[PDB]
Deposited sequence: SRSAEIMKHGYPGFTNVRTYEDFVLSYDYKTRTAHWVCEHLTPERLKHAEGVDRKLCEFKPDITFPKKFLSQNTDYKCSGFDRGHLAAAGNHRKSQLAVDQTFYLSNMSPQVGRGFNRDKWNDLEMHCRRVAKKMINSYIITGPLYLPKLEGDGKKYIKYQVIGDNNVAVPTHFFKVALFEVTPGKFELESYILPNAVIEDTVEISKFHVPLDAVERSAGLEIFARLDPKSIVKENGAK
């Protein structure tokens, strides 16, 4: 199966899991967005087939209960884009595959100018470009709701919710990418970027974090089924 081929190195969690044609998603009934999504790219899979992104329509995934759905109206005039976790550009092999990347379960409220349309997209483009020199590539993407130290010396998680459905606006997003460079051996790259305007001059390497930090902040077990010795490079090191 295509799902087992994607989820080969572990499910980060097993909450409300949905297997689409070309990616896997875990949906959070509370935040009205994803816990995480997982993708598998090969250089062959990054080659386009009469497939058209202009045909795609933002809509909910109605396999989830009605009361836990985000709707296009939650995102209208909110100040945020509907930002795709599993990117459209990664799924080019059928119309339905890419159509599904426009399901609102794969959307999180994202700052547009300076993030989604810019620095975040850069990180997506980086992964595809790197996926081209590798045998297999696996990417986990998802929202974070990170605590901050405030004035009174205590820590608070604060995040906006938008719309009547109260879809959560993540403070940050993570992205873990696992690239198979030679059979059995992998490069690992972990990122946490703020859901905020980032100046086009900042390089993505600056948002490098350990994989341990993503796991703790996200409440997720990432690439749990991969032997750590098979990793020959974490964030550009070793």
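- Missing from the model, relative to the deposited sequence, is only the stretch 50.
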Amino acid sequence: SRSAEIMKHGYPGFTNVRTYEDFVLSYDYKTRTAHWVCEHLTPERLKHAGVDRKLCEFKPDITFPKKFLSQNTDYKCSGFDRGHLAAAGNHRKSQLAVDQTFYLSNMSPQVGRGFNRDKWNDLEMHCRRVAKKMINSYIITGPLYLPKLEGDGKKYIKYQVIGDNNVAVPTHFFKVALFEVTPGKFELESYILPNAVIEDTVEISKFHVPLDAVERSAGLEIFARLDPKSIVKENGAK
From here on, numbers count along this sequence of modelled residues.
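- Stretches compared: 163-171, 72-80. Higher mean C-alpha B-factor in the entry: 72-80.
- As the entry records it, the average C-alpha temperature factor is higher for 177-185, out of 177-185 and 62-70.
- The PDB entry assigns the greatest CA B-factor among 16, 230, 217, 19 to 230.
- Ranking 30, 48, 35, 40 by the C-alpha B-factor listed in the PDB entry places 48 at the top.
- In the deposited entry, the Cα temperature factor of residue 136 sits in the top third of values across the chain's modelled residues.
- Compared with the other modelled residues of the chain, the Cα B-factor recorded for residue 130 ranks in the highest third.
- Annotation for residue 201: CA B-factor lies in the highest third of the chain's modelled residues.
- In the PDB entry, a CA B factor belonging to the lowest third of its chain's modelled residues is recorded for residue 142.
- Ranked within its chain, residue 107 lands in the lowest third, by CA B factor from the PDB record.
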